[PDB]
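**Q** Sharing start12.csv (CSV, C-alpha atoms) below.
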```
chain,number,residue,atom,x,y,z
A,343,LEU,CA,209.4,112.9,-145.9
A,344,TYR,CA,207.0,113.3,-148.8
A,345,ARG,CA,204.1,112.4,-146.6
A,346,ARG,CA,204.9,115.2,-144.2
A,347,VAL,CA,205.0,117.8,-147.0
A,348,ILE,CA,201.6,116.7,-148.3
A,349,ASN,CA,200.2,116.8,-144.8
A,350,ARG,CA,201.4,120.4,-144.3
A,351,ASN,CA,200.4,121.4,-147.8
A,352,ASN,CA,196.9,120.2,-147.0
A,353,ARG,CA,196.7,122.0,-143.7
A,354,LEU,CA,197.6,125.3,-145.3
A,355,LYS,CA,194.9,124.8,-147.9
A,356,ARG,CA,192.4,124.5,-145.1
A,357,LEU,CA,193.7,127.5,-143.1
A,358,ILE,CA,193.5,129.8,-146.1
A,359,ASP,CA,190.0,128.4,-146.9
A,360,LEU,CA,188.4,129.4,-143.6
A,361,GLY,CA,190.5,132.7,-143.2
A,362,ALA,CA,192.7,131.9,-140.3
A,363,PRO,CA,194.6,134.8,-138.6
A,364,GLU,CA,197.8,135.8,-140.4
A,365,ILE,CA,200.0,134.4,-137.6
A,366,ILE,CA,198.8,130.8,-138.1
A,367,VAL,CA,199.0,131.1,-141.9
A,368,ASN,CA,202.5,132.4,-141.7
A,369,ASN,CA,203.5,129.6,-139.3
A,370,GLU,CA,202.1,127.0,-141.7
A,371,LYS,CA,203.9,128.5,-144.6
A,372,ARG,CA,207.2,128.4,-142.6
A,373,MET,CA,206.5,124.8,-141.7
A,374,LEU,CA,205.9,123.9,-145.4
A,375,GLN,CA,209.2,125.7,-146.3
A,376,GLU,CA,211.1,123.7,-143.7
A,377,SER,CA,209.5,120.4,-144.8
A,378,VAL,CA,210.4,121.0,-148.4
A,379,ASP,CA,213.9,122.0,-147.4
A,380,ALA,CA,214.4,118.8,-145.4
A,381,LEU,CA,213.0,116.7,-148.2
A,382,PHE,CA,215.6,118.1,-150.6
A,383,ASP,CA,218.4,118.3,-148.1
A,384,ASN,CA,217.8,117.1,-144.5
A,385,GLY,CA,219.9,118.7,-141.8
A,386,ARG,CA,221.4,121.5,-144.0
A,387,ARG,CA,219.8,124.5,-142.3
A,388,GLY,CA,218.6,123.2,-138.9
A,389,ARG,CA,218.6,120.1,-136.8
A,390,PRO,CA,218.1,117.0,-139.1
A,391,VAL,CA,214.7,115.3,-139.0
B,221,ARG,CA,231.3,134.3,-127.6
B,222,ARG,CA,234.5,135.2,-125.7
B,223,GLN,CA,234.6,138.1,-123.2
B,224,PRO,CA,236.8,139.1,-120.3
B,225,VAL,CA,236.4,137.1,-117.1
B,226,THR,CA,236.1,140.3,-115.1
B,227,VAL,CA,232.5,140.7,-116.2
B,228,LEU,CA,231.8,137.1,-115.0
B,229,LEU,CA,233.5,137.9,-111.6
B,230,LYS,CA,231.4,141.1,-111.3
B,231,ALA,CA,228.2,139.3,-112.1
B,232,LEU,CA,229.0,136.7,-109.5
B,233,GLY,CA,228.9,139.4,-106.8
B,234,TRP,CA,232.4,140.8,-106.7
B,235,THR,CA,233.0,144.5,-106.4
B,236,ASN,CA,236.0,146.2,-108.0
B,237,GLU,CA,238.2,145.8,-104.9
B,238,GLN,CA,238.2,142.1,-104.1
B,239,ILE,CA,239.5,141.4,-107.6
B,240,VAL,CA,242.4,143.7,-107.0
B,241,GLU,CA,243.0,142.2,-103.5
B,242,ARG,CA,243.1,138.6,-104.7
B,243,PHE,CA,244.5,138.8,-108.3
B,244,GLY,CA,247.1,141.4,-107.5
B,245,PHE,CA,249.9,138.9,-108.4
B,246,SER,CA,249.4,138.9,-112.2
B,247,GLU,CA,249.4,141.8,-114.7
B,248,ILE,CA,247.1,140.4,-117.4
B,249,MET,CA,244.4,140.3,-114.7
B,250,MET,CA,244.9,144.1,-114.2
B,251,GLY,CA,245.0,144.7,-118.0
B,252,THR,CA,241.6,142.9,-118.3
B,253,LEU,CA,240.2,144.7,-115.3
B,254,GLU,CA,241.2,148.2,-116.6
B,255,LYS,CA,240.1,147.4,-120.1
B,256,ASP,CA,236.7,146.3,-118.8
B,257,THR,CA,234.1,148.9,-119.8
B,258,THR,CA,231.4,147.4,-117.5
B,259,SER,CA,231.1,148.9,-114.1
B,260,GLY,CA,229.1,147.3,-111.2
B,261,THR,CA,227.6,143.9,-110.8
B,262,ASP,CA,224.3,145.0,-112.3
B,263,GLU,CA,226.0,146.2,-115.5
B,264,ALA,CA,227.8,142.9,-116.0
B,265,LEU,CA,224.6,140.9,-115.3
B,266,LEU,CA,222.7,142.7,-118.1
B,267,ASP,CA,225.5,142.0,-120.6
B,268,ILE,CA,225.8,138.4,-119.6
B,269,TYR,CA,222.0,137.8,-119.9
B,270,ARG,CA,221.8,139.6,-123.2
B,271,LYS,CA,224.7,137.5,-124.7
B,272,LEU,CA,223.7,134.1,-123.2
B,273,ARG,CA,219.9,134.6,-123.9
B,274,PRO,CA,219.6,137.3,-126.5
B,275,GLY,CA,216.1,136.1,-127.5
B,276,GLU,CA,213.9,137.0,-124.5
B,277,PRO,CA,214.1,140.5,-123.0
B,278,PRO,CA,216.3,140.9,-120.0
B,279,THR,CA,214.8,141.0,-116.5
B,280,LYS,CA,216.1,141.5,-113.0
B,281,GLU,CA,215.1,138.2,-111.2
B,282,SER,CA,216.0,136.1,-114.3
B,283,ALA,CA,219.4,137.8,-114.6
B,284,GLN,CA,220.1,137.3,-110.9
B,285,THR,CA,219.2,133.6,-111.0
B,286,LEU,CA,220.8,133.0,-114.4
B,287,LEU,CA,224.3,131.8,-113.3
B,288,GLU,CA,222.9,130.2,-110.2
B,289,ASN,CA,220.9,127.5,-112.0
B,290,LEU,CA,223.4,127.3,-114.8
B,291,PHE,CA,226.2,125.7,-112.7
B,292,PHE,CA,225.4,125.7,-109.0
B,293,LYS,CA,222.1,123.7,-109.1
C,143,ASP,CA,219.7,151.4,-112.4
C,144,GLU,CA,217.8,148.5,-114.1
C,145,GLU,CA,214.6,150.2,-114.9
C,146,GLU,CA,213.5,152.8,-117.5
C,147,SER,CA,217.3,153.2,-118.1
C,148,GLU,CA,218.7,153.9,-121.6
C,149,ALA,CA,220.9,150.9,-121.2
C,150,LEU,CA,218.0,148.5,-120.3
C,151,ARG,CA,215.8,150.0,-123.0
C,152,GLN,CA,218.4,149.3,-125.7
C,153,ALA,CA,218.7,145.7,-124.5
C,154,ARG,CA,215.0,145.2,-124.5
C,155,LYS,CA,214.6,146.7,-128.0
C,156,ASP,CA,217.4,144.6,-129.4
C,157,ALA,CA,216.1,141.4,-127.9
C,158,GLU,CA,212.8,141.8,-129.9
C,159,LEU,CA,214.5,142.0,-133.3
C,160,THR,CA,216.3,138.7,-133.0
C,161,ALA,CA,216.3,136.1,-135.8
C,162,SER,CA,215.4,133.1,-133.6
C,163,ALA,CA,216.4,130.5,-136.1
C,164,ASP,CA,214.6,127.8,-134.2
C,165,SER,CA,211.1,127.5,-135.5
C,166,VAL,CA,209.5,126.6,-132.2
C,167,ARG,CA,211.2,129.6,-130.5
C,168,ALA,CA,210.0,131.8,-133.3
C,169,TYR,CA,206.4,130.8,-132.8
C,170,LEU,CA,206.4,131.0,-129.0
C,171,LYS,CA,208.1,134.4,-129.0
C,172,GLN,CA,205.5,135.7,-131.4
C,173,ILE,CA,202.3,134.5,-129.6
C,174,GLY,CA,203.4,136.3,-126.4
C,175,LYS,CA,202.4,139.7,-127.9
C,176,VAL,CA,198.7,139.5,-127.1
C,177,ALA,CA,197.8,139.5,-123.4
C,178,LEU,CA,195.4,137.1,-121.8
C,179,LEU,CA,191.7,137.9,-121.6
C,180,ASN,CA,189.6,138.1,-118.5
C,181,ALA,CA,186.1,136.7,-118.2
C,182,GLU,CA,184.2,139.8,-119.3
C,183,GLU,CA,186.1,140.6,-122.5
C,184,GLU,CA,185.6,137.0,-123.7
C,185,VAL,CA,181.8,137.5,-123.5
C,186,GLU,CA,182.1,140.9,-125.2
C,187,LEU,CA,184.1,139.4,-128.0
D,99,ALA,CA,202.6,128.6,-151.0
D,100,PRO,CA,205.7,129.0,-153.1
D,101,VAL,CA,209.0,127.7,-151.6
D,102,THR,CA,212.6,128.3,-152.5
D,103,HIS,CA,215.0,125.5,-153.4
D,104,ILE,CA,217.4,125.0,-150.5
D,105,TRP,CA,220.4,124.5,-152.9
D,106,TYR,CA,220.3,128.0,-154.3
D,107,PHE,CA,219.1,129.7,-151.0
D,108,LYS,CA,222.2,128.7,-149.0
D,109,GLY,CA,225.1,126.8,-150.6
D,110,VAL,CA,228.3,128.7,-149.5
D,111,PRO,CA,228.0,130.9,-151.5
D,112,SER,CA,224.3,131.7,-151.6
D,113,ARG,CA,223.2,132.0,-155.3
D,114,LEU,CA,220.1,134.0,-154.4
D,115,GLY,CA,222.2,136.3,-152.2
D,116,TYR,CA,224.7,137.0,-155.0
D,117,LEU,CA,221.8,137.4,-157.6
D,118,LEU,CA,219.9,139.9,-155.5
D,119,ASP,CA,222.8,141.2,-153.3
D,120,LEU,CA,221.1,140.4,-150.0
D,121,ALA,CA,223.2,139.0,-147.2
D,122,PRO,CA,222.3,135.4,-146.4
D,123,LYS,CA,221.5,136.4,-142.8
D,124,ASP,CA,219.0,139.0,-144.1
D,125,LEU,CA,217.7,136.7,-146.9
D,126,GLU,CA,217.2,134.0,-144.3
D,127,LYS,CA,214.8,136.2,-142.3
D,128,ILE,CA,212.7,137.0,-145.4
D,129,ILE,CA,212.2,133.3,-146.4
D,130,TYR,CA,211.3,132.1,-142.9
D,131,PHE,CA,208.8,135.0,-142.2
D,132,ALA,CA,211.0,136.9,-139.8
D,133,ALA,CA,211.2,140.3,-141.4
D,134,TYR,CA,209.4,142.2,-144.2
D,135,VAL,CA,211.0,143.2,-147.5
D,136,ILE,CA,209.9,146.0,-149.8
D,137,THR,CA,209.2,144.7,-153.3
D,138,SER,CA,208.3,148.0,-155.1
D,139,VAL,CA,208.2,151.7,-154.2
D,140,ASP,CA,206.3,154.4,-156.2
D,141,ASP,CA,208.8,157.2,-156.5
D,142,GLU,CA,206.8,159.3,-159.0
D,143,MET,CA,203.7,159.3,-156.8
D,144,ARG,CA,205.7,160.1,-153.7
D,145,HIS,CA,207.4,163.2,-155.3
D,146,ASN,CA,204.1,164.6,-156.5
D,147,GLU,CA,202.6,164.4,-153.0
D,148,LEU,CA,205.6,164.9,-150.7
D,149,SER,CA,204.9,168.3,-149.2
D,150,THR,CA,201.3,167.3,-148.3
D,151,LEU,CA,202.7,164.4,-146.2
D,152,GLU,CA,205.2,166.9,-144.6
D,153,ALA,CA,202.3,169.1,-143.5
D,154,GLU,CA,200.2,166.1,-142.3
D,155,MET,CA,203.2,165.0,-140.2
D,156,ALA,CA,203.8,168.5,-138.8
D,157,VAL,CA,200.2,168.8,-137.7
D,158,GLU,CA,200.5,165.5,-135.8
D,159,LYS,CA,203.8,166.7,-134.2
D,160,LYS,CA,202.2,169.9,-133.1
D,161,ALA,CA,199.2,168.0,-131.7
D,162,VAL,CA,201.7,165.9,-129.6
D,163,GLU,CA,203.5,169.0,-128.4
D,164,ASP,CA,200.2,170.7,-127.4
D,165,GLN,CA,199.1,167.6,-125.5
D,166,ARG,CA,202.4,167.4,-123.7
D,167,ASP,CA,202.2,171.0,-122.8
D,168,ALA,CA,198.7,170.7,-121.5
D,169,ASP,CA,199.6,167.6,-119.4
D,170,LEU,CA,202.6,169.5,-117.9
D,171,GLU,CA,200.4,172.5,-117.1
D,172,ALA,CA,197.8,170.2,-115.4
D,173,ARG,CA,200.4,168.4,-113.4
D,174,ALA,CA,202.0,171.6,-112.3
D,175,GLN,CA,198.6,172.9,-111.2
D,176,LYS,CA,198.1,169.7,-109.2
D,177,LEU,CA,201.6,170.2,-107.7
D,178,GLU,CA,200.7,173.8,-106.5
D,179,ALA,CA,197.4,172.5,-105.2
D,180,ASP,CA,199.0,169.8,-103.0
D,181,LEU,CA,201.3,172.4,-101.3
D,182,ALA,CA,198.4,174.3,-99.8
D,183,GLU,CA,197.0,171.6,-97.3
D,184,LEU,CA,200.5,170.3,-96.5
D,185,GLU,CA,202.1,173.7,-95.7
D,186,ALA,CA,199.4,174.9,-93.3
D,187,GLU,CA,200.5,172.2,-90.9
D,188,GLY,CA,204.0,173.0,-89.5
D,189,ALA,CA,205.5,169.6,-90.5
D,190,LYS,CA,209.2,169.0,-91.4
D,191,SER,CA,211.0,169.1,-94.7
D,192,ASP,CA,210.2,165.4,-95.3
D,193,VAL,CA,206.5,166.1,-95.7
D,194,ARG,CA,207.3,168.8,-98.3
D,195,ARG,CA,210.1,166.8,-99.9
D,196,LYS,CA,208.0,163.8,-100.9
D,197,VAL,CA,205.5,166.0,-102.8
D,198,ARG,CA,208.4,167.8,-104.5
D,199,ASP,CA,210.0,164.6,-105.6
D,200,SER,CA,206.8,163.1,-106.8
D,201,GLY,CA,206.0,166.2,-108.9
D,202,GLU,CA,209.5,166.3,-110.3
D,203,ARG,CA,209.3,162.7,-111.4
D,204,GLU,CA,205.9,163.2,-112.9
D,205,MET,CA,207.2,166.1,-114.9
D,206,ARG,CA,210.2,164.1,-116.1
D,207,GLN,CA,208.0,161.1,-117.1
D,208,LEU,CA,205.4,163.4,-118.9
D,209,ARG,CA,208.3,165.0,-120.8
D,210,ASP,CA,210.2,161.8,-121.7
D,211,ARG,CA,207.2,159.9,-122.9
D,212,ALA,CA,206.4,162.8,-125.3
D,213,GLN,CA,210.0,162.9,-126.4
D,214,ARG,CA,209.9,159.1,-127.1
D,215,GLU,CA,206.8,159.6,-129.1
D,216,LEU,CA,208.4,162.4,-131.1
D,217,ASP,CA,211.5,160.3,-131.7
D,218,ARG,CA,209.3,157.4,-133.0
D,219,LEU,CA,207.4,159.7,-135.3
D,220,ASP,CA,210.7,161.1,-136.7
D,221,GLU,CA,211.9,157.5,-137.2
D,222,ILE,CA,208.7,156.7,-139.1
D,223,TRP,CA,209.0,159.7,-141.3
D,224,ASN,CA,212.7,159.1,-142.1
D,225,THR,CA,212.1,155.4,-142.9
D,226,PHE,CA,209.2,156.4,-145.2
D,227,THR,CA,211.2,159.1,-147.1
D,228,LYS,CA,214.2,156.8,-147.6
D,229,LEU,CA,212.1,153.8,-148.5
D,230,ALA,CA,213.6,151.8,-151.4
D,231,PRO,CA,213.0,148.3,-152.9
D,232,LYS,CA,214.8,145.3,-151.4
D,233,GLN,CA,214.8,147.1,-148.0
D,234,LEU,CA,214.5,144.9,-144.9
D,235,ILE,CA,212.1,146.1,-142.2
D,236,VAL,CA,212.7,144.0,-139.1
D,237,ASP,CA,210.2,145.8,-136.8
D,238,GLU,CA,206.6,144.6,-137.2
D,239,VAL,CA,205.2,147.7,-135.5
D,240,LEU,CA,207.1,150.1,-137.8
D,241,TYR,CA,205.9,148.1,-140.9
D,242,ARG,CA,202.3,148.3,-139.7
D,243,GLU,CA,202.7,152.1,-139.1
D,244,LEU,CA,204.1,152.5,-142.6
```
Would it be possible to restate this file's structure as structure tokens?

**A**
Amino acid sequence: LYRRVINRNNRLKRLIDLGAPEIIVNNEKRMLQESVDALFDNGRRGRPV
Amino acid sequence: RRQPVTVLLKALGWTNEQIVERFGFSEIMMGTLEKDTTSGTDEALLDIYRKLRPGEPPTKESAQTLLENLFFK
Amino acid sequence: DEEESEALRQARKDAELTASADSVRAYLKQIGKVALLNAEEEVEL
Amino acid sequence: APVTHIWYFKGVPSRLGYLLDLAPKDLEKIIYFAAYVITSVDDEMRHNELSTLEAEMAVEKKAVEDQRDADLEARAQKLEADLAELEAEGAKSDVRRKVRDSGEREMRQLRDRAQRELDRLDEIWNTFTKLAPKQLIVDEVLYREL
């Protein structure tokens, strides 16, 4: 789980760096939120990882 | 979510005469039919599509083919 | 009675403001706003 | 990007929901980038410059009205022009009926599109004047307009 978080947290840092369109940045932020949520409590909100 | 079966019958291609002809034995059927606000097959189809698939916008062909692939394919 | 009707318009409007809890559905439903480009507008862009 | 701890977000009850008084269904959309939320509104600035915005909105409404009237006039002129070459020939009512129906439908569409635009403009104005913090805007187009 941790690994996934880091991966996503890295990708966001790239997308913001090169100025990606707001849609992609928002999607990445949502993915990071979901990854952290599943790390703390898997399967609480959505389908478990 | 639950809804009266009369809308399902209408969407399947039944006008508001065959229901009375066939289900004339019971009284709860007539209560449901009278209480049903929807009128016409097209009206029921739109509601069924909205409820079952609220995400994407309703369309005509998709609504018509909705129940067909759901059970009869 | 299934075109430019106040009933259909309400349904179409409501269908757009849906939560779409599923993340994959949320993204796919969002990328459908922009229409596909033809050959010439690509060159122009 | 900051993230919210899942425990306090939704835990039956939602601690954030009770703290801020946003329903969990509404709070869910904010966190997962589904609808905008207003963080602050400048009431003092709005009051000092409210009438000017009213005038700037009224001018746009009048422009829309004038455009709709011009479009109606042009389409009516076209309608009267298409009855000259189709009435010289002694055809039946069907030849005349089609033009009448097309013109009537064109008038109805020209009127209702302008009515929809006016309704959208009124909605924008009403949303702006009532704008308050912690207000959820679910329509992206409306938020862009604001």

**Q** Write out as a PDB file with C-alpha atoms, in the frame of the given file the residues lying within 8 Å of region 348-364 of chain A, counting all atoms listed in the file and excluding same-chain residues fewer than 6 positions away.

**A**
```pdb
ATOM      1  CA  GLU A 370     202.100 127.000-141.700  1.00  0.00           C
ATOM      2  CA  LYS A 371     203.900 128.500-144.600  1.00  0.00           C
ATOM      3  CA  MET A 373     206.500 124.800-141.700  1.00  0.00           C
ATOM      4  CA  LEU A 374     205.900 123.900-145.400  1.00  0.00           C
TER       5      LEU A 374
END
```

**Q** Please determine the contact residues of chain A with respect to chain D at a cut-off of 7 Å, counting all atoms listed in the file, and supply them as JSON, numbers by chain.

**A** {"A": [368, 371, 372, 375, 379]}

**Q** Output C-alpha atoms for every residue in that selection, as a PDB file, keeping the file's coordinate frame.

**A**
```pdb
ATOM      1  CA  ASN A 368     202.500 132.400-141.700  1.00  0.00           C
ATOM      2  CA  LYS A 371     203.900 128.500-144.600  1.00  0.00           C
ATOM      3  CA  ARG A 372     207.200 128.400-142.600  1.00  0.00           C
ATOM      4  CA  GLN A 375     209.200 125.700-146.300  1.00  0.00           C
ATOM      5  CA  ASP A 379     213.900 122.000-147.400  1.00  0.00           C
TER       6      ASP A 379
END
```

**Q** Find the residues of chain C in contact range of chain B, meaning any atom within 12 Å when counting only C-alpha atoms, and list them as JSON, numbers by chain.

**A** {"C": [143, 144, 145, 146, 147, 149, 150, 151, 152, 153, 154, 155, 156, 157, 158, 159, 160, 161, 162, 163, 164, 167, 168, 170, 171, 172, 174]}

**Q** Quick one: pull the distance between CA of residue 156 (chain D) and CA of residue 228 (chain D), Å, one decimal.

**A**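 Distance between the two atoms: 18.0 Å.
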
**Q** What is the CA of residue 191 (chain D) to CA of residue 169 (chain D) distance in Å?

**A** 27.2 Å

**Q** Please measure the separation of CA of residue 252 (chain B) and CA of residue 226 (chain B), giving the value in Å to one decimal.

**A** 6.9 Å

**Q** Please list as a PyMOL selection string every residue within 9 Å of residue 388 (chain A), counting all atoms listed in the file and excluding residues in the same chain fewer than 2 positions away.

**A** (chain A and resi 376+380+384-386+390-391) or (chain C and resi 163-164)

**Q** Only C-alpha atoms, please: the residues just picked out, written as a PDB file, in the frame of the given file.

**A**
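Printed below is result32.pdb as written:
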```
ATOM      1  CA  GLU A 376     211.100 123.700-143.700  1.00  0.00           C
ATOM      2  CA  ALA A 380     214.400 118.800-145.400  1.00  0.00           C
ATOM      3  CA  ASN A 384     217.800 117.100-144.500  1.00  0.00           C
ATOM      4  CA  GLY A 385     219.900 118.700-141.800  1.00  0.00           C
ATOM      5  CA  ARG A 386     221.400 121.500-144.000  1.00  0.00           C
ATOM      6  CA  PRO A 390     218.100 117.000-139.100  1.00  0.00           C
ATOM      7  CA  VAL A 391     214.700 115.300-139.000  1.00  0.00           C
TER       8      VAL A 391
ATOM      9  CA  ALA C 163     216.400 130.500-136.100  1.00  0.00           C
ATOM     10  CA  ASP C 164     214.600 127.800-134.200  1.00  0.00           C
TER      11      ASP C 164
END
```

**Q** Please determine, counting only C-alpha atoms, which residue among D:243, D:180, D:126, D:192 has the shortest atom-to-atom distance to chain C.

**A** D:126

**Q** For chain D, report every residue with an atom at most 8 Å from chain C (counting all atoms listed in the file), formatted as an MDAnalysis selection string.

**A** chainID D and resid 127 132 236:237

**Q** Set the distance at 8 Å and use only C-alpha atoms: which residues neighbour residue 265 (chain B) once local chain neighbours fewer than 3 positions away are removed? I'd like the list as a PyMOL selection string.

**A** chain B and resi 227+230-231+261-262+268-269+283-284
